[PDB]
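Below is one structure, written out as structure tokens, with a few remarks after it.
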Amino acid sequence: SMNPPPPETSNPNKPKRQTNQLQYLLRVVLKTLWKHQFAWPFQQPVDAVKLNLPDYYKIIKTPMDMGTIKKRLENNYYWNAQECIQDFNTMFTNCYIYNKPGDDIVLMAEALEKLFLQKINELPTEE
Ligand SMILES: Cc1noc(C)c1-c1ccc2c(Nc3ccccc3C(C)(C)C)c(C(=O)O)cnc2n1
């Protein structure tokens with residue numbers, strides 16, 4: 001029972017929406033990040049069991065990953081772009097909180113975050 005359940009990718013009680021900004025986040029931002037050579041460790045939830053990180057979910061209480069973000073986008077889980085941007089930010093910050101500066105995973109995260117920030121800089125106007 002070591003890993004927690006993953007973050008939800010759908011919810012019957014959460015209102016759903018498609019916006020051009022959310023479309024951009026899936027088509028341009030996530031797509032660009034997903035194919036980056038350092039993306040793979042972020043493409044699914046951290047498996048603290050398999051990775052032998054027994055304290056991971058003791059430290060990180062709001063886990064997030066690009067696999068979850070991808071599904072949320074594909075499922076129209078979000079109401080707005082801010083919610084999705086928040087998930088990306090949580091993913092990166094979690095990584096910086098858990099690992100030490102100069103760990104390879106942190107360098108990988110930093111590469112992805114730089115690219116993330118460049119793509120969301122050109123987030124289009126709503127509608
Ligand atoms: C993401 C993330 N956030 O915190 C941690 C911790 C991770 C993380 C780190 C490594 C992962 C990983 N491979 C791995 C395992 C041990 C040492 C070094 C690495 C790499 C530098 C190659 C990433 C894998 C994997 O090998 O499948 C998956 N998720 C990981 N998450």
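Quick note on naming: the chains in the structure tokens go A, B, ... in the order shown, residues restart at 1 in each chain, and ligands are numbered from 1 in order of appearance.
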Task: Residues within 6 Å of ligand 1, counting only C-alpha atoms and all ligand atoms, as a ChimeraX atom specification - done: /A:41-42,46,51,95,104-105
Task: Spatial neighbours of segment 57-69 of chain A, 8 Å, only C-alpha atoms, chain gap at least 6 places, as a PyMOL selection string - done: chain A and resi 3-4+7-9+30+34+42-46+48+84+87-88+90-91+94+98
Residues from the last selection, N, CA, C and O atoms, saved as a short mmCIF file (atom, residue, chain, number, x, y, z; two decimals), in the first residue's frame:
```
data_model
loop_
_atom_site.label_atom_id
_atom_site.label_comp_id
_atom_site.auth_asym_id
_atom_site.auth_seq_id
_atom_site.Cartn_x
_atom_site.Cartn_y
_atom_site.Cartn_z
N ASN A 3 2.44 3.38 -2.47
CA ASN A 3 2.12 4.58 -3.25
C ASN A 3 0.70 5.05 -2.95
O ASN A 3 -0.18 4.23 -2.77
N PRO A 4 0.48 6.38 -2.94
CA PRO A 4 -0.87 6.87 -2.82
C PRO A 4 -1.60 6.69 -4.15
O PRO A 4 -0.96 6.47 -5.18
N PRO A 7 -3.23 11.43 -8.71
CA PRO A 7 -4.22 12.50 -8.79
C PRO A 7 -5.32 12.14 -9.80
O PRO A 7 -5.07 11.47 -10.79
N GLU A 8 -6.54 12.56 -9.52
CA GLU A 8 -7.65 12.29 -10.41
C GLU A 8 -7.45 12.99 -11.76
O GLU A 8 -6.84 14.06 -11.83
N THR A 9 -7.93 12.35 -12.82
CA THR A 9 -7.88 12.92 -14.17
C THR A 9 -9.28 13.25 -14.68
O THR A 9 -9.44 13.81 -15.77
N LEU A 30 2.22 21.15 -23.74
CA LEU A 30 2.43 19.79 -23.27
C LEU A 30 3.10 18.94 -24.35
O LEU A 30 4.04 18.20 -24.05
N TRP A 34 6.46 16.99 -23.73
CA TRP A 34 6.36 15.53 -23.73
C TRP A 34 7.47 14.85 -24.54
O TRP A 34 7.94 13.78 -24.16
N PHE A 42 9.08 12.49 -15.89
CA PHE A 42 7.92 13.29 -15.50
C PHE A 42 6.62 12.87 -16.19
O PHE A 42 5.57 13.47 -15.95
N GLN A 43 6.68 11.83 -17.03
CA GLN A 43 5.51 11.39 -17.81
C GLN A 43 4.51 10.51 -17.03
O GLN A 43 3.48 10.12 -17.57
N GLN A 44 4.83 10.19 -15.78
CA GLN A 44 3.94 9.42 -14.93
C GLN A 44 4.22 9.78 -13.47
O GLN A 44 5.27 10.35 -13.17
N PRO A 45 3.28 9.46 -12.55
CA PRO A 45 3.52 9.73 -11.14
C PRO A 45 4.81 9.10 -10.62
O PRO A 45 5.22 8.03 -11.11
N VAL A 46 5.45 9.75 -9.66
CA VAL A 46 6.63 9.18 -9.02
C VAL A 46 6.20 7.89 -8.32
O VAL A 46 5.30 7.90 -7.48
N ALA A 48 7.33 5.84 -5.79
CA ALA A 48 8.25 5.86 -4.65
C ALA A 48 8.65 4.45 -4.19
O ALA A 48 9.68 4.29 -3.52
N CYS A 84 -4.23 24.50 -15.06
CA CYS A 84 -3.24 23.65 -15.72
C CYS A 84 -1.82 24.15 -15.47
O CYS A 84 -0.92 23.38 -15.12
N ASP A 87 -0.66 23.14 -12.17
CA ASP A 87 -0.22 21.74 -12.11
C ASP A 87 1.22 21.58 -12.59
O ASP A 87 2.01 20.90 -11.95
N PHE A 88 1.57 22.22 -13.71
CA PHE A 88 2.95 22.24 -14.19
C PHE A 88 3.88 22.79 -13.11
O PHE A 88 4.92 22.22 -12.84
N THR A 90 3.44 23.04 -9.83
CA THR A 90 3.52 22.05 -8.76
C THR A 90 4.48 20.90 -9.08
O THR A 90 5.24 20.47 -8.23
N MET A 91 4.43 20.40 -10.31
CA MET A 91 5.34 19.34 -10.73
C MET A 91 6.80 19.76 -10.57
O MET A 91 7.61 19.03 -10.01
N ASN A 94 7.74 20.54 -6.74
CA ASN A 94 7.88 19.27 -6.01
C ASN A 94 9.27 18.70 -6.21
O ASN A 94 9.92 18.27 -5.26
N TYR A 98 12.02 18.14 -3.20
CA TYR A 98 12.43 16.81 -2.75
C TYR A 98 13.92 16.54 -2.99
O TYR A 98 14.58 15.96 -2.14
#
```
As a PDB file with N, CA and C atoms, in the first residue's frame, please: every residue in segment 12-109 of chain A that a backbone DSSP assignment puts in alpha helix (DSSP H).
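Once written, selection-v7.pdb looks like this:
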```
ATOM      1  N   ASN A  20      -9.519  28.154 -25.866  1.00  0.00           N
ATOM      2  CA  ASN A  20      -8.403  28.187 -26.816  1.00  0.00           C
ATOM      3  C   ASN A  20      -7.060  28.153 -26.085  1.00  0.00           C
ATOM      4  N   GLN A  21      -7.027  28.712 -24.876  1.00  0.00           N
ATOM      5  CA  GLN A  21      -5.828  28.651 -24.035  1.00  0.00           C
ATOM      6  C   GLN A  21      -5.510  27.228 -23.580  1.00  0.00           C
ATOM      7  N   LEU A  22      -6.537  26.499 -23.151  1.00  0.00           N
ATOM      8  CA  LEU A  22      -6.368  25.093 -22.779  1.00  0.00           C
ATOM      9  C   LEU A  22      -5.977  24.244 -23.993  1.00  0.00           C
ATOM     10  N   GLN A  23      -6.532  24.581 -25.155  1.00  0.00           N
ATOM     11  CA  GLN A  23      -6.184  23.896 -26.400  1.00  0.00           C
ATOM     12  C   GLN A  23      -4.702  24.105 -26.734  1.00  0.00           C
ATOM     13  N   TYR A  24      -4.233  25.341 -26.559  1.00  0.00           N
ATOM     14  CA  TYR A  24      -2.819  25.698 -26.728  1.00  0.00           C
ATOM     15  C   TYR A  24      -1.930  24.941 -25.734  1.00  0.00           C
ATOM     16  N   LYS A  31       2.624  19.066 -25.586  1.00  0.00           N
ATOM     17  CA  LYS A  31       3.193  18.325 -26.711  1.00  0.00           C
ATOM     18  C   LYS A  31       4.702  18.567 -26.857  1.00  0.00           C
ATOM     19  N   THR A  32       5.116  19.832 -26.796  1.00  0.00           N
ATOM     20  CA  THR A  32       6.536  20.204 -26.850  1.00  0.00           C
ATOM     21  C   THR A  32       7.337  19.614 -25.684  1.00  0.00           C
ATOM     22  N   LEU A  33       6.783  19.698 -24.480  1.00  0.00           N
ATOM     23  CA  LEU A  33       7.455  19.164 -23.295  1.00  0.00           C
ATOM     24  C   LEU A  33       7.545  17.638 -23.320  1.00  0.00           C
ATOM     25  N   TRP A  34       6.460  16.991 -23.733  1.00  0.00           N
ATOM     26  CA  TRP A  34       6.360  15.530 -23.728  1.00  0.00           C
ATOM     27  C   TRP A  34       7.470  14.855 -24.542  1.00  0.00           C
ATOM     28  N   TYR A  56       9.252   9.887   0.024  1.00  0.00           N
ATOM     29  CA  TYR A  56       8.783  10.829  -1.008  1.00  0.00           C
ATOM     30  C   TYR A  56       7.403  11.415  -0.688  1.00  0.00           C
ATOM     31  N   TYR A  57       6.441  10.543  -0.414  1.00  0.00           N
ATOM     32  CA  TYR A  57       5.071  10.996  -0.150  1.00  0.00           C
ATOM     33  C   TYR A  57       4.869  11.455   1.304  1.00  0.00           C
ATOM     34  N   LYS A  58       5.930  11.390   2.108  1.00  0.00           N
ATOM     35  CA  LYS A  58       5.962  12.076   3.400  1.00  0.00           C
ATOM     36  C   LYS A  58       6.289  13.565   3.220  1.00  0.00           C
ATOM     37  N   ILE A  59       7.107  13.870   2.213  1.00  0.00           N
ATOM     38  CA  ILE A  59       7.539  15.236   1.915  1.00  0.00           C
ATOM     39  C   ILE A  59       6.599  15.920   0.922  1.00  0.00           C
ATOM     40  N   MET A  66       3.397  15.024 -15.638  1.00  0.00           N
ATOM     41  CA  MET A  66       2.866  15.361 -16.958  1.00  0.00           C
ATOM     42  C   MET A  66       1.874  14.339 -17.498  1.00  0.00           C
ATOM     43  N   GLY A  67       1.952  13.094 -17.031  1.00  0.00           N
ATOM     44  CA  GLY A  67       0.970  12.080 -17.426  1.00  0.00           C
ATOM     45  C   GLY A  67      -0.425  12.478 -16.971  1.00  0.00           C
ATOM     46  N   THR A  68      -0.511  12.919 -15.726  1.00  0.00           N
ATOM     47  CA  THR A  68      -1.751  13.406 -15.138  1.00  0.00           C
ATOM     48  C   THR A  68      -2.248  14.674 -15.855  1.00  0.00           C
ATOM     49  N   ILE A  69      -1.345  15.625 -16.093  1.00  0.00           N
ATOM     50  CA  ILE A  69      -1.684  16.866 -16.803  1.00  0.00           C
ATOM     51  C   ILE A  69      -2.205  16.567 -18.219  1.00  0.00           C
ATOM     52  N   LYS A  70      -1.536  15.651 -18.920  1.00  0.00           N
ATOM     53  CA  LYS A  70      -1.952  15.231 -20.269  1.00  0.00           C
ATOM     54  C   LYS A  70      -3.384  14.700 -20.258  1.00  0.00           C
ATOM     55  N   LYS A  71      -3.662  13.762 -19.357  1.00  0.00           N
ATOM     56  CA  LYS A  71      -5.003  13.191 -19.212  1.00  0.00           C
ATOM     57  C   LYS A  71      -6.042  14.239 -18.834  1.00  0.00           C
ATOM     58  N   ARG A  72      -5.684  15.141 -17.915  1.00  0.00           N
ATOM     59  CA  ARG A  72      -6.587  16.227 -17.513  1.00  0.00           C
ATOM     60  C   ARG A  72      -6.971  17.105 -18.707  1.00  0.00           C
ATOM     61  N   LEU A  73      -5.980  17.479 -19.507  1.00  0.00           N
ATOM     62  CA  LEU A  73      -6.230  18.217 -20.742  1.00  0.00           C
ATOM     63  C   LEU A  73      -7.110  17.425 -21.708  1.00  0.00           C
ATOM     64  N   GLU A  74      -6.742  16.168 -21.946  1.00  0.00           N
ATOM     65  CA  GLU A  74      -7.491  15.300 -22.857  1.00  0.00           C
ATOM     66  C   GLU A  74      -8.922  15.043 -22.361  1.00  0.00           C
ATOM     67  N   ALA A  81      -6.973  27.868 -17.964  1.00  0.00           N
ATOM     68  CA  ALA A  81      -5.539  27.699 -18.144  1.00  0.00           C
ATOM     69  C   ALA A  81      -4.761  27.765 -16.824  1.00  0.00           C
ATOM     70  N   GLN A  82      -5.175  28.653 -15.923  1.00  0.00           N
ATOM     71  CA  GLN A  82      -4.497  28.829 -14.633  1.00  0.00           C
ATOM     72  C   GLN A  82      -4.384  27.520 -13.854  1.00  0.00           C
ATOM     73  N   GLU A  83      -5.448  26.720 -13.883  1.00  0.00           N
ATOM     74  CA  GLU A  83      -5.455  25.432 -13.188  1.00  0.00           C
ATOM     75  C   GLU A  83      -4.386  24.495 -13.742  1.00  0.00           C
ATOM     76  N   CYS A  84      -4.226  24.499 -15.060  1.00  0.00           N
ATOM     77  CA  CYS A  84      -3.237  23.652 -15.723  1.00  0.00           C
ATOM     78  C   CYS A  84      -1.817  24.152 -15.468  1.00  0.00           C
ATOM     79  N   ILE A  85      -1.624  25.459 -15.622  1.00  0.00           N
ATOM     80  CA  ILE A  85      -0.344  26.090 -15.320  1.00  0.00           C
ATOM     81  C   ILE A  85       0.067  25.806 -13.875  1.00  0.00           C
ATOM     82  N   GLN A  86      -0.891  25.852 -12.954  1.00  0.00           N
ATOM     83  CA  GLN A  86      -0.619  25.518 -11.559  1.00  0.00           C
ATOM     84  C   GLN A  86      -0.099  24.076 -11.406  1.00  0.00           C
ATOM     85  N   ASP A  87      -0.658  23.137 -12.175  1.00  0.00           N
ATOM     86  CA  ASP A  87      -0.220  21.738 -12.110  1.00  0.00           C
ATOM     87  C   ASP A  87       1.223  21.581 -12.594  1.00  0.00           C
ATOM     88  N   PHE A  88       1.567  22.221 -13.714  1.00  0.00           N
ATOM     89  CA  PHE A  88       2.948  22.239 -14.188  1.00  0.00           C
ATOM     90  C   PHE A  88       3.877  22.794 -13.115  1.00  0.00           C
ATOM     91  N   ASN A  89       3.495  23.930 -12.524  1.00  0.00           N
ATOM     92  CA  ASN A  89       4.315  24.569 -11.501  1.00  0.00           C
ATOM     93  C   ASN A  89       4.521  23.666 -10.296  1.00  0.00           C
ATOM     94  N   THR A  90       3.444  23.038  -9.835  1.00  0.00           N
ATOM     95  CA  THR A  90       3.522  22.051  -8.758  1.00  0.00           C
ATOM     96  C   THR A  90       4.481  20.903  -9.085  1.00  0.00           C
ATOM     97  N   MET A  91       4.427  20.402 -10.312  1.00  0.00           N
ATOM     98  CA  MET A  91       5.339  19.341 -10.730  1.00  0.00           C
ATOM     99  C   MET A  91       6.797  19.762 -10.573  1.00  0.00           C
ATOM    100  N   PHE A  92       7.124  20.948 -11.073  1.00  0.00           N
ATOM    101  CA  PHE A  92       8.493  21.447 -10.997  1.00  0.00           C
ATOM    102  C   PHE A  92       8.924  21.713  -9.553  1.00  0.00           C
ATOM    103  N   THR A  93       8.105  22.446  -8.798  1.00  0.00           N
ATOM    104  CA  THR A  93       8.426  22.787  -7.412  1.00  0.00           C
ATOM    105  C   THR A  93       8.599  21.537  -6.535  1.00  0.00           C
ATOM    106  N   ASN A  94       7.738  20.541  -6.735  1.00  0.00           N
ATOM    107  CA  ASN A  94       7.877  19.268  -6.014  1.00  0.00           C
ATOM    108  C   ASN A  94       9.267  18.696  -6.213  1.00  0.00           C
ATOM    109  N   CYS A  95       9.708  18.690  -7.468  1.00  0.00           N
ATOM    110  CA  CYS A  95      11.027  18.183  -7.828  1.00  0.00           C
ATOM    111  C   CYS A  95      12.140  18.948  -7.109  1.00  0.00           C
ATOM    112  N   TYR A  96      12.046  20.277  -7.091  1.00  0.00           N
ATOM    113  CA  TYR A  96      13.057  21.115  -6.427  1.00  0.00           C
ATOM    114  C   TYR A  96      13.003  20.989  -4.899  1.00  0.00           C
ATOM    115  N   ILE A  97      11.814  20.746  -4.347  1.00  0.00           N
ATOM    116  CA  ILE A  97      11.665  20.543  -2.902  1.00  0.00           C
ATOM    117  C   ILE A  97      12.257  19.209  -2.445  1.00  0.00           C
ATOM    118  N   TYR A  98      12.018  18.140  -3.202  1.00  0.00           N
ATOM    119  CA  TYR A  98      12.430  16.812  -2.755  1.00  0.00           C
ATOM    120  C   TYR A  98      13.919  16.541  -2.986  1.00  0.00           C
ATOM    121  N   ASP A 104      20.722  15.120 -11.046  1.00  0.00           N
ATOM    122  CA  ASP A 104      20.386  15.047 -12.468  1.00  0.00           C
ATOM    123  C   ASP A 104      18.912  15.307 -12.732  1.00  0.00           C
ATOM    124  N   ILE A 105      18.040  14.752 -11.896  1.00  0.00           N
ATOM    125  CA  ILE A 105      16.595  14.980 -12.043  1.00  0.00           C
ATOM    126  C   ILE A 105      16.223  16.474 -11.981  1.00  0.00           C
ATOM    127  N   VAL A 106      16.934  17.237 -11.147  1.00  0.00           N
ATOM    128  CA  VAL A 106      16.725  18.682 -11.029  1.00  0.00           C
ATOM    129  C   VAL A 106      17.156  19.413 -12.299  1.00  0.00           C
ATOM    130  N   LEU A 107      18.311  19.032 -12.841  1.00  0.00           N
ATOM    131  CA  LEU A 107      18.776  19.567 -14.122  1.00  0.00           C
ATOM    132  C   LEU A 107      17.776  19.264 -15.233  1.00  0.00           C
ATOM    133  N   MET A 108      17.249  18.044 -15.233  1.00  0.00           N
ATOM    134  CA  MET A 108      16.221  17.655 -16.193  1.00  0.00           C
ATOM    135  C   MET A 108      14.966  18.521 -16.022  1.00  0.00           C
ATOM    136  N   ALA A 109      14.502  18.654 -14.782  1.00  0.00           N
ATOM    137  CA  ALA A 109      13.359  19.514 -14.479  1.00  0.00           C
ATOM    138  C   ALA A 109      13.589  20.955 -14.944  1.00  0.00           C
TER     139      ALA A 109
END
```
Task: Between atom CA of residue 40 of chain A and atom CA of residue 112 of chain A, distance in Å (one decimal) - done: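 Atom CA of residue 112 of chain A lies 10.8 Å from atom CA of residue 40 of chain A.
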